[PDB]
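J.: Pasting an experimental structure, sequence included:
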Amino acid sequence: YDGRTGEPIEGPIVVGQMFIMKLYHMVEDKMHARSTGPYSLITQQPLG
Amino acid sequence: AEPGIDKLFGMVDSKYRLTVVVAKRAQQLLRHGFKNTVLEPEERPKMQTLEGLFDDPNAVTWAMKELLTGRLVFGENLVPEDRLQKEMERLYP
Amino acid sequence: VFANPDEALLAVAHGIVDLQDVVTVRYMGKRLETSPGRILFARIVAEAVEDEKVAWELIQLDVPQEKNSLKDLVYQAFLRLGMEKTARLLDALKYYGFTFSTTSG
Amino acid sequence: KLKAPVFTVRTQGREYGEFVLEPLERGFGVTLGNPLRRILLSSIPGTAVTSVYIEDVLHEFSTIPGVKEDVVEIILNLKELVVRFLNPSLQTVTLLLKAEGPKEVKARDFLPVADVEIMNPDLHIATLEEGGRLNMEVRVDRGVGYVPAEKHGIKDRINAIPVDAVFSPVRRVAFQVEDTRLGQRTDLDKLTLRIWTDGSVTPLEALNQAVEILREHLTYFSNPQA
Amino acid sequence: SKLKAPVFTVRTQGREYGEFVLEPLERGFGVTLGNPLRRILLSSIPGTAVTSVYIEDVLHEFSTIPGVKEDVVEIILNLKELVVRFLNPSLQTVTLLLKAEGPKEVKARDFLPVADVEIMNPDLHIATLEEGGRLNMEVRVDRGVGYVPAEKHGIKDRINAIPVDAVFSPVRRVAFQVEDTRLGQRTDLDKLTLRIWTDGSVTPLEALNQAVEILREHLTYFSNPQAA
Amino acid sequence: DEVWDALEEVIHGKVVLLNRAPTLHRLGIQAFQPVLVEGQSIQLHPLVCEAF
Amino acid sequence: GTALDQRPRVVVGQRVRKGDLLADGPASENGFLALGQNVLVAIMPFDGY
Amino acid sequence: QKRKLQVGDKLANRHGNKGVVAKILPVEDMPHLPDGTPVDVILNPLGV
Ligand SMILES: Nc1nc2c(ncn2[C@@H]2O[C@H](COP(=O)(O)OP(=O)(O)OP(=O)(O)OP(=O)(O)OC[C@H]3O[C@@H](n4cnc5c(N)ncnc54)[C@H](O)[C@@H]3O)[C@@H](O)[C@H]2O)c(=O)[nH]1
Ligand SMILES: Nc1ccn([C@@H]2O[C@H](COP(=O)(O)CP(=O)(O)OP(=O)(O)O)[C@@H](O)[C@H]2O)c(=O)n1
């Protein structure tokens, strides 16, 4: 059954238990932004 | 898509010319604080905030709308840049 | 035999017929033996482009809509209408495709 | 808590309506839109052409000499006839149409009847040439929803043809729920409802009737009879 | 062709299970009534939950207590299953006190009695203490609606209190069934049956009444047209 | 709270450039109007995924 | 950066044979490798999400 | 830090199916069994 309407999905649906793991690639550790910051010594370009 | 983008693309022989014209008009609008616009107050681009409706702060939107109105003239060697700048200051302090 | 697409879709809403059943619908002054789903797709395109005659010209009614036909529809809509209306049609197609894939089963 | 929502109306004529309700608590957009849509499509009272009698035709797949259209075409045209009853006591109505000569038979060619109003006199019914005749007897009832012809199959006379009864005055309803924010909260709901009717009832009246029906049905959870 | 008022039947099992039957209904109205009520019951029924915990000589949630088998994280996980019933509608917050010394099996019944407050699952296991272990807890329980994470409310009474994610909804499960029924000549009529499982703090009937009230109040909102 | 409203004022009408490596063709960089969202993930339109 | 802790799985007075589990390690459930969770899944499209 | 599952985190099963969480739905919106039990995860069949 669809939770938004209460009407059934028009066809039978495969349903069952699955083993699922969380991977260490998390958005918390990857989101990054910069306006201005430190620069390199020689090229005077932004650091990485 | 931007409103009337097909019209703007058809008003010029090269799309990059349209980009140049829009950017230069936006710079003109920013320099004079929107006092040199050819829009009448009811066509002014509006922005919605909690306080209320205000003018749209984005100058590129203003320039594009003005180009849609068709009251702007663009071309090669229309007016010497120095005279244009002096007149722009004189008309709009 | 339905007098207009609204009647056929109302009959669909009452469970009388399915979207995939072949019935007779009166559309554009003509009597078409088609399915309510294909009529619904034609209406989707027509309302997306805000033009009924051009939309009727663009679509192929008597075939299931697959990748090639949808791509050809997008190209023809681009040519006939421009980028703004083509993008609007693309958004409409995306919305309705997602909606109908959810409940298809 | 949060303040009471704002309800906004945008009506095109007496045939189209858009209604905006915002802001709403999370998940309430569909919670309100779906039952209202079901009631609007299913339970709004109206009137519809239910049966038809034409002479010299034995079934719906026959034809009438002197008229360009077949039986199916005039029946389909009759399916879009909009009739309004002004007094609540009237239940069923019989309309007679007399047509002769080369003419463009519309709805106004129906003979006037007390306490019955034809809302689309310009609706095209038939085309007659020289020497063509059309005598028509249409039975119109009042009901709710959509009932196929085979379900009721009520035929006044022995030659009368049952007609699919489009009782619903509402032709189409769509609704959309869009995310909206208010202050720091950003998960609120905005509900948009678009209603197309046939003109016998305005979209606002249809929405009010649907809301009233839902309220009456909610009242039913009060007295535990058992 | 107006339908008569349908009969409304109630069956109850304890304070936790309820069946509510409405019959007969117009065709298609079973879903029209059941689904919004199910959504409201699963979403918007107020209840009570543990919102804060303070434990003696404990500075944060990532620690252990000597003499206690479970660390603080598991203790808080256990405490999130506590069902507390407020006998007074005006009461908003309570603080339960627990003091225990090992060796024992500290359950929910060991909480000190409070007026107008009941524990609906006194057998809920909280901790295991060995000889020499001591447990001193102050648990703040609040009224609320919905699911509020600890990082949102951030409720602390003392300096060392640990905020706890609050799941206020007292309704555990909602289902509804639409069955075939008829009345004389009418056929293909609906019979609706709502099945409600709660945790005992709120009875299924009370939750159903609150859901009906919420739906009626929201239906009220369609009464003030404004021009655009 | 008001700084978020100021931020909404700042980006009005402006666009940002989204790029996915490797940039095989020019459609590997595209301009979009930013809608401010909660969370830490960029939300991408389904119809530009094939180009990217 | 992950936190590794051992959680006791015995009580005082319990009889333990040779090789019997005493404490679960990280990602372990009663001596079985436990890398995730068992969840109820439905295989279907959902609104493009 | 105690990290909960959020939008943008990566999940996977043992058969090579991986994906980031793109939406967290409320319980009343999830598809459910006729007995009222909602599902926890919805996987797209197009990956098979
Ligand atoms: N242009 C580009 N796009 C890529 C590449 N490879 C993946 N994608 C995208 O990323 C999605 C998820 O791909 P994956 O499901 O494979 O996930 P992942 O992030 O690559 O992580 P891993 O499974 O590799 O885990 P790990 O512990 O081994 O990572 C640590 C070790 O990986 C390798 N490694 C990790 N990160 C990167 C990276 N950014 N670039 C290159 N090598 C990377 C490296 O050698 C490192 O020393 C794919 O669909 C693509 O869109 C690539 O080469 N170039
Ligand atoms: N060295 C690399 C490795 C990957 N990539 C990029 O990642 C995509 C997916 O590779 P992938 O191997 O992650 C998956 P795909 O081939 O799409 O999957 P399937 O057949 O199993 O369904 C490639 O199409 C490249 O754009 C890259 O630029 N440099």
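T.: Here it is on my side, so go on. Numbers count the residues shown, from 1 in each chain, chains lettered A, B, ... in the order given. Ligands and ions are numbered 1, 2, ... in the order given.
J.: switch to C-alpha atoms for all contacts and neighbour counts from now on
T.: OK.
J.: ok now do residue D:192, which residues does it touch?
T.: Counting by Cα atoms under 8 Å, 6 or more residues apart in numbering or on different chains, residue D:192 touches D:18-21, D:175-177.
J.: now swap in residue D:124 and tell me
T.: D:77, D:104-107.
J.: Pull the most distant pair out of these.
T.: Pairwise distances across these peak at 13.3 Å for D:77 and D:104 (criterion: Cα to Cα).
J.: between those two, what contacts are shared?
T.: With contacts defined as Cα under 8 Å, 6+ apart, the residues adjacent to both residue D:77 and residue D:104 are D:124-125.
J.: More neighbours: the two, which one.
T.: Looking at residue D:77 and residue D:104 with other Cα atoms under 10 Å in any protein chain shown, you find the greater number of neighbours at residue D:77, namely 18 against 14.
J.: Wait, a helix at the more buried one?
T.: Yes. Residue state for residue D:77 (DSSP: H, G, I helix; E, B strand; the rest coil) corresponds to a helix.
J.: right, and it touches residue C:3 too?
T.: Yes. Using Cα atoms under 8 Å, residue D:77 makes contact with residue C:3 at a distance of 7.2 Å.
J.: And the residue nearest the centre of chain B?
T.: Taking Cα atoms, centre = their mean as the criterion, residue B:63 is the residue nearest the geometric centre of chain B, at 2.3 Å.
J.: Verify the stated contact: it with residue B:22.
T.: Yes. With contact taken as Cα under 8 Å, residue B:63 and residue B:22 are classed as touching, separated by 5.7 Å.
J.: Does the residue lying closest to residue D:107 once chain neighbours are set aside belong to a helix, a strand or coil?
T.: Closest residue to residue D:107 apart from its sequence neighbours, by Cα to Cα, 6 or more residues apart in numbering or on different chains: residue D:121 at 4.4 Å. Of the three states, residue D:121 takes coil according to three-state DSSP.
J.: With the one 4 residues further on instead?
T.: Secondary structure of residue D:125, reduced to three states by three-state DSSP: strand.
J.: Can you report how many residues neighbour it?
T.: Residue D:125 has 21 neighbours, counted by other Cα under 10 Å.
J.: Report the secondary structure state of residue 41.
T.: With no chain named, the answer covers chain A. coil.
J.: Let me rephrase: I mean chain C.
T.: With three-state DSSP as the basis, the three-state label of residue C:41 is helix.
J.: Run through who's touching stretch B:6-17.
T.: Applying Cα under 8 Å, 6+ apart, the set of residues contacting stretch B:6-17 is B:18, B:67-68, C:82-84.
J.: Of these, which is the nearest to chain A?
T.: Out of the contacts of stretch B:6-17, the one with the shortest distance to chain A is residue B:18. That distance is 30.2 Å, counting by Cα to the nearest Cα.
J.: Doesn't the closest one lie inside a helix?
T.: Yes. Looking at residue B:18 with three-state DSSP, it is inside a helix.
J.: Now do the contacts for it.
T.: Residues touching residue B:18, when contacts are defined by Cα under 8 Å, 6+ apart, comprise B:8-9, B:12.
J.: From those, pick the one nearest residue C:105.
T.: The shortest separation between residue C:105 and any of these is 44.4 Å, and it belongs to residue B:9 (by Cα to Cα).
J.: does the closest one sit in a helix or strand, and which one?
T.: Per DSSP states H and E: residue B:9 is located in helix B:5-10.
J.: Kindly check the end-to-end length of stretch D:97-109 for me.
T.: Start-to-end span of stretch D:97-109 (Cα to Cα, to the nearest Å) is 6 Å.
J.: Of all residues in chain B, which one is closest to chain H?
T.: Of chain B, the residue with the smallest distance to chain H, taken as Cα to the nearest Cα, is residue B:1 at 25.7 Å.
J.: typo on my end, chain D
T.: Counting by Cα to the nearest Cα, chain D gets nearest chain H through residue D:27, at 7.9 Å.
J.: so how many other residues sit close to that residue?
T.: Other residues lying near residue D:27 total 20 when counted by other Cα under 10 Å.
J.: Tell me the spacing between it and residue G:47.
T.: Using Cα to Cα, we find residue D:27 at a distance of 15 Å from residue G:47.
J.: and the spatially most central residue of chain G, what are its bridge partners?
T.: Closest residue to the average C-alpha location of chain G: residue G:29 at 2.8 Å, with Cα atoms, centre = their mean. Beta-bridge pairing for residue G:29 (DSSP bridges): residue G:32.
J.: And it, how far from chain A?
T.: Residue G:29 sits 14 Å away from chain A, going by Cα to the nearest Cα, to the nearest Å.
J.: who are the neighbours in contact with the residue nearest to residue D:107?
T.: Residue D:121 makes contact with D:106-108 under the criterion Cα under 8 Å, 6+ apart.
J.: Most neighbours out of those residues, which is it?
T.: Highest neighbour count within the contacts of residue D:121: residue D:107, with 20 neighbours (other Cα under 10 Å).
J.: Please tell me I have it right and that residue contacts residue D:126.
T.: No. Counting by Cα under 8 Å, residue D:107 does not reach residue D:126; the two are 9.6 Å apart.
J.: Tell me where chain D has strands.
T.: The residue ranges that make up the strands of chain D, judged by DSSP state E, are D:6-12, D:16-24, D:45-54, D:83-85, D:93-100, D:103-106, D:116-118, D:124-128, D:133-144, D:146-147, D:161-162, D:165-166, D:170-182, D:185-197.
J.: Compare these and give me the one nearest residue B:39.
T.: With Cα to Cα as the measure, strand D:6-12 is the member of the strands of chain D nearest residue B:39 (28.7 Å).
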